[PDB]
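Protein chains: 2
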Amino acid sequence: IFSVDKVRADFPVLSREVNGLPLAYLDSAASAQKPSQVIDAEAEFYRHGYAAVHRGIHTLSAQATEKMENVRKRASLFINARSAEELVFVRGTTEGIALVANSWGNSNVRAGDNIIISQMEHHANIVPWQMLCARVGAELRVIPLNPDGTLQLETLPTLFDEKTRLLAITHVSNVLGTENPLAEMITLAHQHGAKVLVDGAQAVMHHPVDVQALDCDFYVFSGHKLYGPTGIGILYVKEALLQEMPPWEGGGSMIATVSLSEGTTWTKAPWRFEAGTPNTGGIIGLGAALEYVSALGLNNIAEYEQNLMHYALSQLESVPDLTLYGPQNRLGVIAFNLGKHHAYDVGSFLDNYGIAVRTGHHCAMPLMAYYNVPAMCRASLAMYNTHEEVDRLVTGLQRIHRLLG
Amino acid sequence: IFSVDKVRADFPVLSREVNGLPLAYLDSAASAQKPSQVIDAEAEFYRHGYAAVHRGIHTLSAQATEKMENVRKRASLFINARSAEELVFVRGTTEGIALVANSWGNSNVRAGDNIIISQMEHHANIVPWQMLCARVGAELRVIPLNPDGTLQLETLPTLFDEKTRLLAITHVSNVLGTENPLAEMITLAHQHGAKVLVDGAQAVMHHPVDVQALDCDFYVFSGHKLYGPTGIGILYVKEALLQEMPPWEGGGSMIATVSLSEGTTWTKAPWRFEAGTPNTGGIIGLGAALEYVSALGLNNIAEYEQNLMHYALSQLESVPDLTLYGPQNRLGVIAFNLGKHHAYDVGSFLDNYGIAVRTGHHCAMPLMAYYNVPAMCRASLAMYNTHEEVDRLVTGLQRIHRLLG
Ligand SMILES: *Cc1c(COP(=O)(O)O)cnc(C)c1O
Ligand SMILES: *Cc1c(COP(=O)(O)O)cnc(C)c1O
Ligand SMILES: [Cl-]
Ligand SMILES: [Cl-]
Numbered sequence: 002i003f004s005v006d007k008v009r010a011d012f013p014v015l016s017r018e019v020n021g022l023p024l025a026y027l028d029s030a031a032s033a034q035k036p037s038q039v040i041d042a043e044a045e046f047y048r049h050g051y052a053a054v055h056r057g058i059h060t061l062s063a064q065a066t067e068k069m070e071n072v073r074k075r076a077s078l079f080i081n082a083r084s085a086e087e088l089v090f091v092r093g094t095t096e097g098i099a100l101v102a103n104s105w106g107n108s109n110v111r112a113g114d115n116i117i118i119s120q121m122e123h124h125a126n127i128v129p130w131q132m133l134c135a136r137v138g139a140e141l142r143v144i145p146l147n148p149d150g151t152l153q154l155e156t157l158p159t160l161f162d163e164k165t166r167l168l169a170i171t172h173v174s175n176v177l178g179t180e181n182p183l184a185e186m187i188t189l190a191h192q193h194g195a196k197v198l199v200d201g202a203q204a205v206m207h208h209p210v211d212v213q214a215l216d217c218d219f220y221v222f223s224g225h226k227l228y229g230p231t232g233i234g235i236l237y238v239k240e241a242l243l244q245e246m247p248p249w250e251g252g253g254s255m256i257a258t259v260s261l262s263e264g265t266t267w268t269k270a271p272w273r274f275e276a277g278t279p280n281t282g283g284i285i286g287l288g289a290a291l292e293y294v295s296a297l298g299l300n301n302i303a304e305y306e307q308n309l310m311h312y313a314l315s316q317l318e319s320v321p322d323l324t325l326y327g328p329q330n331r332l333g334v335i336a337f338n339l340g341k342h343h344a345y346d347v348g349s350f351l352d353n354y355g356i357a358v359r360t361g362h363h364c365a366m367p368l369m370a371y372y373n374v375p376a377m378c379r380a381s382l383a384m385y386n387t388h389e390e391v392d393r394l395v396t397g398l399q400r401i402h403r404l405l406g
Numbered sequence: 002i003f004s005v006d007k008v009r010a011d012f013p014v015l016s017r018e019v020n021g022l023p024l025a026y027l028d029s030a031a032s033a034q035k036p037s038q039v040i041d042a043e044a045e046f047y048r049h050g051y052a053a054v055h056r057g058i059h060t061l062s063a064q065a066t067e068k069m070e071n072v073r074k075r076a077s078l079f080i081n082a083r084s085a086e087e088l089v090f091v092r093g094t095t096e097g098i099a100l101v102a103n104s105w106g107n108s109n110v111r112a113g114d115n116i117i118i119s120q121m122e123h124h125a126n127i128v129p130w131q132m133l134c135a136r137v138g139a140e141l142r143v144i145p146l147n148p149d150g151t152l153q154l155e156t157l158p159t160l161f162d163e164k165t166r167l168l169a170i171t172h173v174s175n176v177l178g179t180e181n182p183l184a185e186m187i188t189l190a191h192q193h194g195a196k197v198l199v200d201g202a203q204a205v206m207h208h209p210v211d212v213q214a215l216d217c218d219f220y221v222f223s224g225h226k227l228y229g230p231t232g233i234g235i236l237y238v239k240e241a242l243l244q245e246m247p248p249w250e251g252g253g254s255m256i257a258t259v260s261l262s263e264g265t266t267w268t269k270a271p272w273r274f275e276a277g278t279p280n281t282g283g284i285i286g287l288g289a290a291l292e293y294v295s296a297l298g299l300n301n302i303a304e305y306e307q308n309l310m311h312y313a314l315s316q317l318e319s320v321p322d323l324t325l326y327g328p329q330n331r332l333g334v335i336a337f338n339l340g341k342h343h344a345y346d347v348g349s350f351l352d353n354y355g356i357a358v359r360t361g362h363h364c365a366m367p368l369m370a371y372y373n374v375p376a377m378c379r380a381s382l383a384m385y386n387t388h389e390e391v392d393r394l395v396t397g398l399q400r401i402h403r404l405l406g
């Protein structure tokens with residue numbers, strides 16, 4: 002069984018005080034706190050084994066190159082990719098999606114084609130496709146939402162056709178906590194020869210993820226949401242696709258040869274898309290984060306978080322004039338507004354009690370617009386959050402409602 | 002005065018053993034070791050103040066946003082930019098140059114124009130321009146080299162004309178240690194209305210850099226070469242230029258608004274070019290690295306390194322059949338080959354003695370080709386290297402020459 006007290010003791014930030022009160026960090030969906038196992042792994046690398054990593058001749062460089070490729074292997078096993086060489090290190094989910102849209106998009110999406118996104122997508126999974134569609138003259142289609150925060154799947158027959166090149170879809174909504182039916186949607190997309198990119202930035206920390214079972218063509222996620230360092234993400238691409246992708250004009254690609262007369266050639270994928278000095282510190286920390294999470298067990302984490310979520314939704318029923326957004330079976334986040342008060346004011350009061358939530362449009366303005374609100378509040382309930390922190394959130398909202406209503 | 006023993010005691014890697022022998026790290030031009038002040042600043046941030054940073058409502062987020070903007074201010078003072086808002090955080094020098102070539106290049110370089118690079122450029126300051134020139138149908142012109150590793154300045158009249166849009170030039174060669182006459186070249190470029198991008202990745206750790214005095218239009222450098230963390234670089238752009246640059250299609254740009262019907266708008270520069278979650282860990286560490294280097298004083302560092310370089314070049318005269326490449330007044334690096342032996346073999350023997358040098362083409366294949374060699378060895382002499390490590394290098398080359406000659 003999972004022991005939240007043993008886990009919390011690994012996270013030094015959770016001791017912190019904010020406004021003279023004990024921190025209740027409910028904003029892990031924006032970024033997760035990191036255990037000392039992650040922080041110290043990165044520091045230890047800088048302290049005892051740091052070097053540049055392009056299979057340099059000397060020992061530190063060779064050993065650091067091997068550390069980085071072992072992390073690539075560990076990450077591929079974490080998401081059950083067939084091969085470590087199907088994983089590209091990227092700056093984060095945002096850059097990973099941009100890479101696909103520029104390298105794969107520019108040579109597979111032509112004038113008259115269409116791309117399907119959903120109305121709940123984070124901006125990082127909208128804007129690259131908007132721009133691509135403008136470049137090549139294709140059409141961006143949108144799966145609409147239901148009031149309960151799920152996709153209107155009945156609209157799919159009107160969106161998928163033979164010119165559909167790509168479905169770009171979120172695994173788990175960063176606002177609603179909706180988990181989308183990826184395996185079925187991927188079957189539909191592949192029946193039309195469409196690829197699927199899955200934005201998995203909110204999924205990989207909540208339960209096991211198996212890209213072979215899903216059969217998705219691309220999958221992205223962010224280190225810093227996975228209790229890991231900033232500046233590092235993972236992009237998975239099916240080997241047959243990845244080995245056809247051209248070099249990344251926009252972000253830089255690693256060369257095989259450079260000639261002023263004869264031009265330039267490029268090294269094989271993965272590494273083709275990792276130009277310049279990689280973020281070795283971040284890669285080391287990401288590896289430690291994958292080990293930490295695997296050691297707790299994602300199924301134990303999921304069971305604890307689901308129980309915590311069920312407790313919170315039950316307790317929140319006693320908050321007057323609370324509006325919740327999203328389905329009952331949400332993962333990780335609770336999106337809400339309190340009566341007619343602006344989310345910004347609710348979040349400031351909650352911060353005044355030492356409760357960290359996020360306010361605003363959460364990089365999902367089309368989602369905001371669907372619900373005809375400018376902003377919502379969002380509380381994250383991660384593996385190190387407690388029933389007691391849920392009770393502070395509930396009491397906090399009750400007090401805010403009396404003081405301001 | 003500078004005390005190399007007091008400085009070395011700040012760097013924990015320098016205690017390390019390699020192949021059972023004490024490390025002599027002479028590969029700082031590939032990446033620098035980091036002091037504990039840098040390592041611990043990053044760890045301390047993760048331990049006590051970590052949060053997401055997009056001016057979030059709650060305290061940790063607000064305080065982390067302010068930490069990151071103070072580092073931007075500190076970096077702008079470090080290079081004497083007029084305004085902190087002229088600095089963009091980037092993944093590294095490679096990504097910074099790609100950003101300029103894609104955002105500024107695509108809307109200022111048209112068919113029939115030309116760009117001037119030099120023959121000693123690192124690949125990161127060649128390939129983006131090669132691709133841009135192919136996109137828009139412009140011409141890539143090259144300032145050639147002299148045998149001593151300096152630019153043939155007499156060729157400039159034949160390269161600069163009214164269609165010259167940009168000069169992209171290295172401040173200090175990562176292979177030869179040549180320092181280029183930037184201020185004079187920038188005057189010439191501006192007489193034709195050409196902009197200048199300076200690749201300063203090898204300059205910022207060796208002496209003060211003043212972008213107002215230089216009057217360059219762009220300037221880039223890498224954190225990890227500045228005794229700082231990986232995954233972070235600085236791109237400086239003159240405010241009038243930067244505020245005109247369009248969003249970065251290839252790498253992602255931060256939105257002001259996203260609408261599925263009305264399209265997308267973008268936030269003001271700096272931040273326009275920092276999409277997704279920034280590398281907050283790396284930014285914090287970079288700030289500590291700038292403080293550490295400022296506390297030693299760049300002029301003291303320069304005086305120590307110059308003395309160390311002069312000692313090494315004097316000692317190396319006693320190595321039979323040593324070929325050196327570059328001018329006598331080189332900064333930081335010594336590029337060399339030993340008789341007819343492949344650089345790879347020399348580097349392996351040196352590594353066997355615990356001496357870390359770099360071998361290969363050093364991401365400067367046109368430079369290699371100018372000298373009609375496939376590879377060279379390169380020893381870096383940074384601020385924490387000693388006369389004794391120079392003596393190990395010299396003795397090592399002498400032994401290699403007897404064993405293999
Ligand atoms: C946060 C998030 C992103 C963006 O991730 P970055 O690490 O900031 O690049 C994209 N999609 C979802 C669903 C997210 O939650
Ligand atoms: C190392 C270096 C680069 C590339 O820097 P990255 O940090 O790897 O992106 C570019 N130019 C010069 C002169 C360099 O030494
Ligand atoms: Cl956004
Ligand atoms: Cl290269």
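Top line first, the protein sequences correspond to chains A and B. Those letters in the first sequence? Residues 2 to 406, by UniProt numbering. Those letters in the second sequence? Residues 2 to 406, by UniProt numbering. C-beta: ideal position from N, C-alpha, C; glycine also.
Query, Result
"Can you check whether the C-beta of B:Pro328 is within less than 8 Å of a C-beta belonging to chain A?", "no"
"Helix, strand or coil for A:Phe90? Go by DSSP, reduced to three states.", "strand"
"Can the beta-carbon of A:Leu287 be found less than 8 Å from the beta-carbon of A:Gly361?", "no"
"Is the stretch 7-18 of chain B touching the stretch 30-44 of chain A, taking contact as three or more C-beta pairs under 8 Å?", "no"
"Can A:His207 be considered in contact with ligand 1, in the sense that its beta carbon sits closer than 7 Å to one or more heavy atoms?", "no"
"Report yes or no: do three or more beta-carbon pairs, one from the stretch 116-123 of chain A and one from the stretch 161-169 of chain A, lie closer than 8 Å?", "yes"
"So, B:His207 versus B:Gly333, is the Cβ gap smaller than 8 Å?", "yes"
"Relative to ligand 2, is the shortest distance from any of its heavy atoms to the C-beta of A:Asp216 smaller than 7 Å?", "no"
"Less than 7 Å separating the Cβ of B:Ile256 from some heavy atom of ligand 3?", "yes"
"Return the residues of the stretch 323-355 of chain B that lie within a Cβ-Cβ distance of less than 7 Å from chain A, sorted by chain order.", "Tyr345, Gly348, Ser349 and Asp352"
"Check whether the stretch 287-304 of chain B and the stretch 199-216 of chain B are in contact - that is, three or more C-beta pairs closer than 8 Å.", "yes"
"Provide the residue span of the beta strand (DSSP E) that contains B:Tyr237, from first to last.", "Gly234 to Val238"
"Flag A:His124 as yes when its Cβ comes closer than 7 Å to any non-hydrogen atom of ligand 3, and as no otherwise.", "yes"
"Less than 8 Å between the CB atoms is what I'm expecting for B:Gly251 and A:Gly251, so what's the real figure, rounded?", "1 Å"
"Using a Cβ-Cβ cutoff of 7 Å, what residues of the stretch 25-54 of chain A are near chain B? List them in chain order.", "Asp28, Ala31, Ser32, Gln34, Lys35, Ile40, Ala44, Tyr47, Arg48, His49, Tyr51, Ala52 and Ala53"
"Under 8 Å by Cβ, that's how I've got B:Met69 and B:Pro248 pegged, so tell me the actual separation to the nearest angstrom.", "Not quite, the Cβ-Cβ distance comes to about 21 Å (not below 8 Å), so this is no contact."
"What would DSSP say about A:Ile117, mapped onto helix, strand or coil?", "strand"
"Step through the CB atoms of chain A and report whether any lies within less than 8 Å of the CB of residue 413 of chain B.", "The question about residue 413 of chain B has no answer, for chain B in this structure spans 2 to 406."
"Quick check: is any heavy atom of ligand 4 less than 7 Å from the C-beta of B:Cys364?", "yes"
"For A:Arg75, which residues in the same chain have their Cβ closer than 8 Å to its Cβ, ignoring the five residues on either side in sequence?", "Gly288, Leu291 and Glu292"
"In chain order, what residues of the same chain have a beta carbon less than 6 Å from the beta carbon of B:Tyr220, not counting five sequence neighbours either side?", "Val199, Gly201, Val212 and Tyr237"
"Quick one: Cα of B:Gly283 to Cα of A:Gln316, how far?", "40 Å"
"Quick check: what's the CA-CA separation for B:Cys378 versus A:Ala365?", "52 Å"
"For B:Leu325, which of B:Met132, B:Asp149, B:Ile58 and B:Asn126 has the nearest alpha-carbon?", "B:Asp149"
"Can you find a CB in chain A that lies within less than 8 Å of the CB of B:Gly21?", "no"
"Since A:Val101 sits in a beta bridge, which residues does DSSP pair it with?", "Looking at the DSSP assignment, A:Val101 forms no beta bridge with any residue, so it has no partner."
"Let's test the definition: count the other Cβ atoms within 10 Å of the Cβ of A:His311 and tell me whether it reaches 16, buried, or not, exposed.", "exposed"
"List the residues of chain B that A:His402 touches, going by C-beta distances under 8 Å, in chain order.", "Per Cβ cutoff of 8 Å: no residues; A:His402 is ~18 Å from chain B at best."
"On the premise that B:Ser29 lies in contact with B:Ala383, defined as a C-beta separation below 8 Å, what is that separation, rounded to the nearest angstrom?", "4 Å"
"In this structure, what does DSSP give as the bridge partners for B:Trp267?", "B:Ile256"
"Got a sec: does ligand 1 put a non-hydrogen atom nearer than 7 Å to the Cβ of B:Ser62?", "no"
"Between which two residues does the beta strand (DSSP E) carrying A:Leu152 extend?", "Where A:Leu152 is concerned, there is no enclosing beta strand (DSSP E), given that its DSSP letter is neither H nor E."
"How big is the Cα-Cα spacing for residue 433 of chain B and B:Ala85?", "Summary: the structure shown does not reach residue 433 of chain B, with chain B confined to residues 2 through 406, and so no result is reported for it."
"Could you spell out the range, first to last residue, of the beta strand (DSSP E) harbouring A:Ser381?", "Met377 to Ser381"
"Distance, Cα to Cα, B:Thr159 vs A:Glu245?", "41 Å"
"If contacts are defined as beta-carbon pairs under 8 Å, then B:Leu157 and B:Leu189 qualify, I think. What distance do you get, rounded to the angstrom?", "6 Å"
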